[PDB]
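**Q** For the sequence shown, the positions run 1 to 392, 402 to 433, 449 to 1607, 1620 to 1947, 2027 to 2151 when the authors' numbering is used.
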Amino acid sequence: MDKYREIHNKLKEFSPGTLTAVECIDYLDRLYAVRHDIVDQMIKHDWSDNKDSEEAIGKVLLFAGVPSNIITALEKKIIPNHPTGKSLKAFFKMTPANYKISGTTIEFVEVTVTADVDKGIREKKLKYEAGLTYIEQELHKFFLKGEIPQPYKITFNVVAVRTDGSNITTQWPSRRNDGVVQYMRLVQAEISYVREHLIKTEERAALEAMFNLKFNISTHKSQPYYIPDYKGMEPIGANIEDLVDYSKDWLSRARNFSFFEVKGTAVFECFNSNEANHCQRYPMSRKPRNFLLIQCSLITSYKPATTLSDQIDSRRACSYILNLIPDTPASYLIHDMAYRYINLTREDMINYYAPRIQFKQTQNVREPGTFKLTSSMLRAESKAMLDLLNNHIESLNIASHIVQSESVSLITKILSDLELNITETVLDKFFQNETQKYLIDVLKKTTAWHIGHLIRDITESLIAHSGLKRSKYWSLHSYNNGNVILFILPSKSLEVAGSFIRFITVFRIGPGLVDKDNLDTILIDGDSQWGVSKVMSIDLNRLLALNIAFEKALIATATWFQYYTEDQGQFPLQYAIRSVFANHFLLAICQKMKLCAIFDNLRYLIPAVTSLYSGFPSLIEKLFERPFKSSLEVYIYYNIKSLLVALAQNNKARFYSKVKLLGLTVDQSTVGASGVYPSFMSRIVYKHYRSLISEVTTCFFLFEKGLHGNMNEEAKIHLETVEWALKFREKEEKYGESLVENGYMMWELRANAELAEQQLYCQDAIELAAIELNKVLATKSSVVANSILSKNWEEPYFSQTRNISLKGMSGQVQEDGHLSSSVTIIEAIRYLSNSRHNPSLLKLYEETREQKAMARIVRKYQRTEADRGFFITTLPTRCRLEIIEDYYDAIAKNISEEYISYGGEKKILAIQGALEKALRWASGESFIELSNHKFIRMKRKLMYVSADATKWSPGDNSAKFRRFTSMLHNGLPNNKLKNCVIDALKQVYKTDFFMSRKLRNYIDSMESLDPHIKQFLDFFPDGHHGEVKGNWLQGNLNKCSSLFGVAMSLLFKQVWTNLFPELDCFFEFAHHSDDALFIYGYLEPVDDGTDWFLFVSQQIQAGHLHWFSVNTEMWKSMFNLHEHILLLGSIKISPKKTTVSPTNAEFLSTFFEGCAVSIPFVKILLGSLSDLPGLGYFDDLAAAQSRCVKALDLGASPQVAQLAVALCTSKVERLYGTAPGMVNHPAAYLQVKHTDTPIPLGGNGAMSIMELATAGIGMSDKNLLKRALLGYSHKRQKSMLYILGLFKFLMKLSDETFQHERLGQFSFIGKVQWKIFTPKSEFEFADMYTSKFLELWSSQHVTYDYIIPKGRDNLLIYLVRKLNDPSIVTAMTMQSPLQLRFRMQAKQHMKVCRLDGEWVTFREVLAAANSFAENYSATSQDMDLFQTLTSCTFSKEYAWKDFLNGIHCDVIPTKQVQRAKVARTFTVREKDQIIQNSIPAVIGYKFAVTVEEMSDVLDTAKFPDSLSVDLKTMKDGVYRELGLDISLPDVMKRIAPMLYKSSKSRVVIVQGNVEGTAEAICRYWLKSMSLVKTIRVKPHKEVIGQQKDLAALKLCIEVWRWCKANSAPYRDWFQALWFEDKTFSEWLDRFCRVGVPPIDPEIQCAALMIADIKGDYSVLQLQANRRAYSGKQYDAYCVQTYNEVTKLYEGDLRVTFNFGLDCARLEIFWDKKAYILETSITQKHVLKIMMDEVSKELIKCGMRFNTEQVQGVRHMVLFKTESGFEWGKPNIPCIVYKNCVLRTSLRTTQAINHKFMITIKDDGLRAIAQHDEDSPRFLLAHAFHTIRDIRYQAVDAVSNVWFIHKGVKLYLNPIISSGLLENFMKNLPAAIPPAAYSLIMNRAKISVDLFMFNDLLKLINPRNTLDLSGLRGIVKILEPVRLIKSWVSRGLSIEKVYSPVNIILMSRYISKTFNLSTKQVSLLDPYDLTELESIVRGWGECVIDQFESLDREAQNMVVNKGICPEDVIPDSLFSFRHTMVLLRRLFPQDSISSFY
């Protein structure tokens, strides 16, 4: 009531039209709540027993009297009256508004008020009455079982009062309804006032829109705007028996097996014939073409070149070269160029090596590093050679052995030269002992390493000379001691069509990359030889590859190192790693194409030779596809040949064995001993061929991505797609078009027999597959319907974050006929610019239902990272494909745990389950039943097959899905959506293929047009596009194809089960992405095959002619039929990439791994170095660091990831000159260290990989901020003020940009705006709105920073804004040559930074920042900003760093076992929040004013009707915890990252049993740091589960102690009480199964408890080992060495003193002579032993504690006293140690040996033990302890917890739910409810003094009287029932003082005013009985004794003063109102007085 008044008063003050919407909605929510509360309070005070708060339905039933077990059994039941899916579990917890109990009748009243009562009525009834009726029926059934004395009945009432209170009377008549109506009218008037007077005019529309959904729910949706009615498909009559008969016809003849048998004689023979085909399909060569670019030669340690040393070198070089005699035109040109260079003026020489700013142009020098050579300066032959250059197929005889021998000799010599040594944070510890020592320290001295560094210098010079202004001029650089001398030529500029850079590479002959058969010549100076290489041309893509050849080779070698360590379990030997590095480098600097194809095909060749049956011949043919030209290709081919033959020969064995798969022994057929797989490069041998496949994959990934995109491959794929289209027309001409499209029929197939071909499907087969899939989909119709209806068919199309992505997407056809290649985000803008509205997905299909689908080949140079695939399509095609794929993914996700696998992180259960069934089936036998009981034994054998059937194929008629989808059982009540999908498939059937511009130019620019190409131009009639039917052009029809394949496989299963009923053949499969795993089960005779060879013969004789294919090798005739049936659906099992296995363990292991490692981490690692964003420094370092953190996600070990990060940082610090000693080093200009500088200004960086794996990408800046603020607050060091000034300068330099951010991209701190290559042109529509308009619009409609707009008006603006975003524009043109070259340019001395609106060099920015910091001064605003940032914004990221600095790693010396590769998800933190709708919606709701903003926010949000509430809640925290205000946009921007859930779908490839928790995966990474040893992360070995276990243990011991101290039956109690997952019995079971988590004071009792319940003594004896122990363990990488020279030790010790399970880590920092003793031991004797051991260890090396005398230390310390030792803050003056850190997190359990002589005491609440008979007695544990933070109010009861006590029976079961339990335990006051108490009094209990009061009433009133017929840390409840009885009263509050006159007056008045004889006392309300007893407690004691006289005196007063009941105080606690009201509610007045 008063709530309305105070809201009124607080709202009146606000002036009209001044409140924003959000507060208005808040106020009206409050007013509605208060108005509802008025009626709720009325009902509660009038009728309900409830008077304080609502109670759950289960609670009310418990109060009723029904035992708990009934409810518990009822819990599992699901309501059948509610088809939606409501569960009774959720039904219990809901709280009806009001409840009342009368006998077995329960009356629930739900109170609501609404304008339209009928709605409230019907909705509330539908919600509750159905479940209530179900419960009524179930409890009636239970009563009929003899469980309940009488039935229970539910009387559900609803009181729906009109908003105006018109129907108050009829709904609920009362004596005060008028005031209720008054209040309702006033509150409604207040609603009107606030809604019409207290809002801004601009925001009124938004407010009304909000109410339309919150309080109105009036506007009714017009269905799904209706869905058009397209024609459907009528099912045809197809019976499986027809297909079975056809198979019986087709399985009666010989059938060739598709695949071949893997035999060494066969694999070797395929090569010998493919060679004899290759050498004769091509002409013959005899001059191996050059393969090496840049032929260096190093014979000395290489010093990196510098501008100075370069001068001296180049001088010495030309000193050498000039006096040589040229003999070839190239040598002549070199001689002339050297002559010109040496003879240059000193001014020219000065300007040559000068920066671009100090450059002074000269006659002979025009640009730095270049000079001009003119015709007069040159020579005749050199001039002719220049003219020939500017004015500008055969294969090696691979068959011949001579060529192979020569090439092998050459390449092996080169590789032996690169192997020739030259003649000169936690992770660091491991990286120095494991990766460094064995990889870097072994490669650092190789000729490859130094040559690798040399080629960097030769590539940097070329890159610099490739500039537009430098190209046309010559140049002459030199290198190491004038040995290698680069002679660049006047190359072409960047331009297009190849920026061919031409150069010559004269060098000194020696070991290294020298190939003296392709050199232009070999000049001899007598003492040495100089090799003048031929002029070599290189383009950008093949120049970047060489430029980072060393880094790529080193990362490849590191990955190979990792794989070898995982495989062999030990580090490689130096020779192997050296050879591997040499091979990787040689491949890296030979980025050709043929090798990139050989290695690509080898990945699939390897599994095709390590399997019984597979098709190798096709793959081996693929090897001989392109001509073999260079010696390197022939060498690689020879090495392959040898390796493949050796691998194949291993199959001559396959001895059967047993291993144990999953959980079954299981037989095998594996080549275990004599099958070890060789290695491709070195002389090592791998245990598992998985390592070989990984090595070959690493070789393949070394080749540039650019290469796959080459014009030849574009022509190849164009012809591939045209060829299949041409054949489709051949079929459409041979047969009717309808036959090809709709599909032929069975009666035609079994009359032609040739229609069983690809691109021709069978209608009957399709229908039968659909029916077979329905057989399994018919059991989950409801789930399928829900999934289909939940795909959001009624949401705006372009608003989805997949239609406004960056993926490639064809656009509009230009005038010339060629089709554009725009991006999807552009297309959304283009359609939205001419739409006027945003159409739903279905609606857009209706509009674009006539535009023929168009598609084209993606543009390589416009290719995008997000673009996966190779074809692009226009908007109508994408819409249709989205419809189809959404429908089929909704349908196909309901069999995702049986046949297909989508998610669950990355689930294998579909395949894992299939194997388990097959494995169980195989472990058995079959008895084929002949006549009589005589059986034939048969041994069941499996035969696996792994084929990729689901993959898109170039020829695959898509019409089949038309018929298929018609029959598929979707479960929808109607066929509108099914028909929509059918029609969609009918519009993606005919497509227009548009031929590319590049191919158009190429084919036109060629003299010869072969017939192989003539047809390709006939397909296109207009020379620009043709018609392709069937093939859907690599569209995203993934799940649809998978479902179709699964349906056809099930069809084959059913077909086979009918063909051979007698046999027990088993077939089971499972799909995953593009690959499946078919498990064919087949039978073989156990005998010599005589009985079966007769049974089959007699079967064939009988007439079952389909038994000729089941005569031998059944699995062959199983796979034949399966393939044929799959081919009936146009699915053709690939004859190349298939693998049949006899159930090897290696086969299953590799297949399962292939389903978890989606992308090898090499690809990612090698991708980091190349293709940097180019967005500057902080965005190049950040991008590279981020792509090297995604490689750590895909299995890459932390050490290799750290190496990759180090290389990427070294590279990124060389483009911008940020490394020490370079130009832009911050320390040169700034006044702070190089590691204490903000990253954007050129700091160092985090540089770790764990800090970058969990924390983030820019944690260096956050740590800088935290340190600076903490120091500048606690101190005032000017250095930290300088740092803060630098950060403020960065901010000031960041806010001068334009407006762009959004949530998830908030870039706090600052960022120097590095110049970005602006594209020549601008993307269409990117400039639709002026940048000024965008800035203001963004600053105005802040909401759209968080929620994608949904209206066309506010969506075009958002899309165009997204276009104008640097990270997007740069992403679009990543492959653009201009951007690539700009990236490769050394941005060192160029003006690239932006300062004050001008382009300046990074040095200028550094100087300006330094000046700003010098002049910087602190202020309130920026200090507050920094404090808020560090404390709140970057708060979820400091947590990770603090986590990673508290974990002590320790190397338990062993070898780590390698397990499977599961893929968990790195959910930052799994939680169940109290705020729903997601922070984006909640915040966007706040900053929303326009009506459109309401429309966008409400639709996007998930529970709109609660959005407001969320905000309120979100406020309470931000002020309660942080203390900040939210009402500002800037503070919200600051705090948004702290709340916004990351929502990052991060998948990590962990190995073994690793939970999905983020801490778990981080712990696993910390356990994977060492490749060969086993780390044991110390803290807790893992720290919701832990704290829940802690609370459960606390309650368990608490109840144990209480019950044993009160003698109650704890035994049954522990079966009864329940706690959020199980009962205390199950809690103890879990404790014993896992282990009592370590705890300080509860272990001591947790063991006493367990030993007395379960009988196990594990915990009790375990605690007794903490008594004392030893076993000091060590680390393995920080062991201290012994020295007899000093008689001491030396080194960094890390011993761990294990006192049972109490660890004590001791570390000794040798350099600082310090130590950090971190322990967990907390007792005097144990800790004395700890000091004994640690002091011994410390003295041994020679050291002593940091002793010191402190009277009392402020913090926690280990002060010494005479009594002994003790942690904590002391006061007593005594000596103290230092460095003593008590971290209880180190406590970790471990199996311990030895027993104690232990005896228990006092019912087992104490325990006293001894080590043995020798040791003295010691008190081990006792229960006299006090526990804190114990959760009593979560205890629940499952059974009747009976509490017989003091010979008194109590029923505590409802008290459990009441929550008063604790009070009862602690004898604390409380107020019992009325129904709960009445149930506690279920057993009769009456007040004794009532008898004496009745006697007094009889004495004074003989007639009217009562009718009593029918009758520290120990708490013990000494109080009898009086305790709970007094819970309503207040005990002695009545007191023993009494006034007899008052008591007599009250007694007479009550007797004369009430008829106490109306009903017997036993038939009243127990609670009111207690109330009246308390009112009359101890009343007659002071009256009866002298009554005979006292009454007389009372009478006198009645006749003397006329006393009244209001003037009488009974003793001291007169309560007239309560007494009268309760008596009236329990006693009617006198009948005579009623009339008056």
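Ideal Cβ placement from N, Cα and C applies to all residues, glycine included.
Given this structure, state the Cα-to-Cα distance separating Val-1601 from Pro-1673, to the nearest angstrom.
**A** If you take the alpha carbons of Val-1601 and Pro-1673, they lie about 16 Å apart.
**Q** For the beta strand (DSSP E) containing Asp-1016, name the first residue and the last one.
**A** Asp-1016 -> beta strand (DSSP E) spans 1014-1018.
**Q** Hey, could you find the ends of the beta strand (DSSP E) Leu-1753 is sitting in?
**A** Counting along the chain, the beta strand (DSSP E) containing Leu-1753 begins and ends at 1753-1755.
**Q** Check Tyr-661 in the structure and name its three-state DSSP category.
**A** Looking at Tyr-661 - three-state DSSP - the assignment turns out to be helix.
**Q** Count Cβ pairs between the region 1049-1068 and the region 742-758 that sit closer than 8 Å; are there 3 or more?
**A** The region 1049-1068 is in contact with the region 742-758.
**Q** I'd like the span of the beta strand (DSSP E) that includes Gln-150, first residue to last.
**A** Where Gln-150 is concerned, there is no enclosing beta strand (DSSP E), given that its DSSP letter is neither H nor E.
**Q** Within 10 angstroms of the Cβ of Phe-2150, are there 16 or more other Cβ atoms? Answer buried if so, exposed if not.
**A** Classification of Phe-2150: exposed, given that the 10 Å Cβ count is below 16.
**Q** How long is the line joining the alpha carbons of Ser-1141 and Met-770, rounded to whole angstroms?
**A** About 21 Å.
**Q** Beta-carbon separation of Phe-623 and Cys-723 under 8 Å?
**A** A contact, by the Cβ cut-off of 8 Å.
**Q** Hey, out of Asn-858, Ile-881 and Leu-865, whose CA is closest to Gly-832's CA?
**A** Of the listed residues, the one whose Cα sits closest to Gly-832 is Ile-881.
**Q** Nearest-angstrom Cα distance between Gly-2093 and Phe-2129?
**A** Rounded to the nearest angstrom, the two C-alpha atoms are 14 Å apart.
**Q** So, helix, strand or coil for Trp-1131, using DSSP?
**A** Helix, per DSSP.
**Q** Can you give me the C-alpha to C-alpha distance between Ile-1679 and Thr-1717, rounded to a whole angstrom?
**A** In a straight line, the C-alpha of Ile-1679 is about 39 Å away from that of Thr-1717.
**Q** Pull up the distance between the alpha-carbon of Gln-1451 and that of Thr-1261, whole angstroms please.
**A** Cα to Cα, the separation comes out at about 19 Å.
**Q** Going residue by residue through the region 8-64, where are the continuous alpha helix (DSSP H) segments of at least 4 residues, counting only ones entirely within it?
**A** Runs of the alpha helix (DSSP H) inside the region 8-64: 21-46 and 57-64.
**Q** Within its chain, find whatever has a CB closer than 7 Å to the CB of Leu-1216; leave out the 5 residues flanking it on each side and keep chain order.
**A** Correct list, in chain order: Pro-1222, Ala-1225, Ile-1273 and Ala-1277.
**Q** Using DSSP with H/G/I as helix, E/B as strand and the rest coil, what is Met-560?
**A** Correct three-state label for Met-560: strand.
**Q** Report, in whole angstroms, the separation of the C-beta atoms of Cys-1714 and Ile-1686, which I expect to be a contact under 8 Å.
**A** Their Cβ separation, rounded to whole angstroms, is 39 Å, which puts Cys-1714 and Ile-1686 out of contact at 8 Å.
**Q** Whose C-beta lies closer than 7 Å to the C-beta of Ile-199 among residues of the same chain, with five residues either side of it excluded?
**A** Answer for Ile-199: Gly-17, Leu-19, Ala-21, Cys-24 and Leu-207, listed in chain order.
**Q** Can you check whether the CB of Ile-952 is closer than 8 Å to the CB of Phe-1119?
**A** Cβ atoms of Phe-1119 and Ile-952: closer than 8 Å.
**Q** In the structure shown, what three-state DSSP assignment does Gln-875 receive?
**A** Correct three-state label for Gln-875: coil.
**Q** So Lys-461 packs on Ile-431, CB below 8 Å; how close in whole Å?
**A** That pair is no contact at about 19 Å.
**Q** Using DSSP bridges, identify the partner residues of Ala-1270.
**A** Answer is none; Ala-1270 lacks a bridge partner.
**Q** Nearest-angstrom Cα distance between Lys-884 and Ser-846?
**A** Using only the alpha carbons, I get a separation of about 13 Å.
**Q** What separation, rounded to the nearest whole angstrom, lies between the Cα atoms of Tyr-497 and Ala-488?
**A** Between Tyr-497 and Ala-488, the C-alpha separation is close to 12 Å.
**Q** Report yes if the CB atom of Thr-1259 is closer than 8 Å to the CB atom of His-1249, and no otherwise.
**A** No. Outside cutoff.
**Q** Using DSSP bridges, identify the partner residues of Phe-895.
**A** Answer is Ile-881, bridged to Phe-895.
**Q** Threshold first: 4 residues or longer. Then list the alpha helix (DSSP H) segments lying entirely within the region 457-525, N to C.
**A** Within the region 457-525, the complete alpha helix (DSSP H) runs of at least 4 residues are 471-489.
**Q** Tell me which residue opens and which closes the alpha helix (DSSP H) that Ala-1487 is part of.
**A** It is not in any alpha helix (DSSP H) - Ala-1487 instead sits in the beta strand (DSSP E) that spans 1486-1489.
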